[PDB]
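Next comes just one chain, in structure tokens: the form deposited in one PDB entry.
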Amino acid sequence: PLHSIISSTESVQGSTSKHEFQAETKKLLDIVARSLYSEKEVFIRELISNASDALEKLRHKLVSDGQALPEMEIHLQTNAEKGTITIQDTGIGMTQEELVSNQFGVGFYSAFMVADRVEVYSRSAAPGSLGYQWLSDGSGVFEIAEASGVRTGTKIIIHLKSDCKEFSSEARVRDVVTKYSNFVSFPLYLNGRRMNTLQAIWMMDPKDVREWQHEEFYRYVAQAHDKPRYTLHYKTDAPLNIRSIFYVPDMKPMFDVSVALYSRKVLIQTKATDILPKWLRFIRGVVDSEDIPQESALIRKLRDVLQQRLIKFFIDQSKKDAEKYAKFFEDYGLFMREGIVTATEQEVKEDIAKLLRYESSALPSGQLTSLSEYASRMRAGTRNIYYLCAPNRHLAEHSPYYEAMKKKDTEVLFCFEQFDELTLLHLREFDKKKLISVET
């Protein structure tokens, strides 16, 4: 059966009171009316986001009391024969003061992007609150009147413009909801039918997400069938709001030609390249930041924060399980080398270089060392990092130049990957120590 709450229960006994929009609001309404910039479908995800916020505010306050929880739901209704789309939620609602004084910005301008007029009913969840009707056609006036039959929460009826009638088709609205609003955290219904929505596990505290939940989400966001070999659930609130999960696949890398971008569980970009550095394009997963608006200073800042955190994560993994990290470096190490070569900043080159692992003349065959570990073994008076590129360890060890160096205890990195020469040429130095090939 169907489950709908939207219907014409409201009535207004008296006359409305007329108010004039304040000057800046009127100016923004003028921009909307004249704007041809028309990613028009966005109003739906903003209204759903505001409904979700209103529901959470109610739920938290009732839980802070001993109070039972009512039905907390978001409903959409389309009406083709009347050219409307309606959203209604059973959240905290608005007082008359807020309807006159006042998120209320974002829901407002995008509604008037698609509306000839907007008809709102709201009733605060506070006990003894009255219901109100708010009306505007986007001119400099709005109307408010006390209304009977308003359900606690907020209902917004958008009377669509003649060129926006597509949003009174159920199938069109269904697709918009699924595209941008699939992870809304309260039950969502369209025309009485429950929408298939998913759990935004990146918002949970990382200690609460189980491996089976990560495996299901990884397979979903990567459209994969393996499991992730690594999982980084990164939550921070400074300098930026970040709720993110990053996976690296169990399978090897073609992946050589990403990460979805959200803002409080609202999709911004399905496949947001530019959010990670190019060399991290093998990462799958999701990044959610409240701080999001396009080659902005903010995106650059988020990218640099995430790069540092992922490098730290991989360093941490090498300490937790060196054998698993060595396999990761074997499988994904060409991305690290690419990043060193293409990086502009020396500090970024050296940060990525902390992930490189090489054999060494000082270690058993097959055992790997990092550049930092090599540096900690350098003997006083010797101030450079020496390496030798060769096809295998036997050929490196029988270099006449290495053999001579053995006499004075100098460690030499043994590098067997064909792109090691270019990587270490471009790195040039590490921790103020020049990288020098022992053969020219």
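Only residues modelled in both forms are compared. Start at 1 and count along the sequence shown; that's the residue number. Between two forms, the rigid core is defined as the largest C-alpha subset superposing within 1.5 Å.
The same protein has a further form, the form deposited in another entry, not shown here; the description that follows concerns it.
Visitor: Determine, after fitting the two forms on their core, whether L28 shows a C-alpha shift of 2 Å or more between this form and the one not shown.
Guide: True for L28: a C-alpha shift of 2 Å or more.
Visitor: After the core is matched up, is the C-alpha of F313 off by 2 Å or more between this form and the one not shown?
Guide: It does not reach a 2 Å shift.
Visitor: So if I superpose on the core and keep residues found in both forms, which blocks of at least 3 in a row have all their CA atoms moved by 2 Å or more between this form and the one not shown?
Guide: Runs moving 2 Å or more: 28 to 38, 104 to 109, 296 to 298, 381 to 383.
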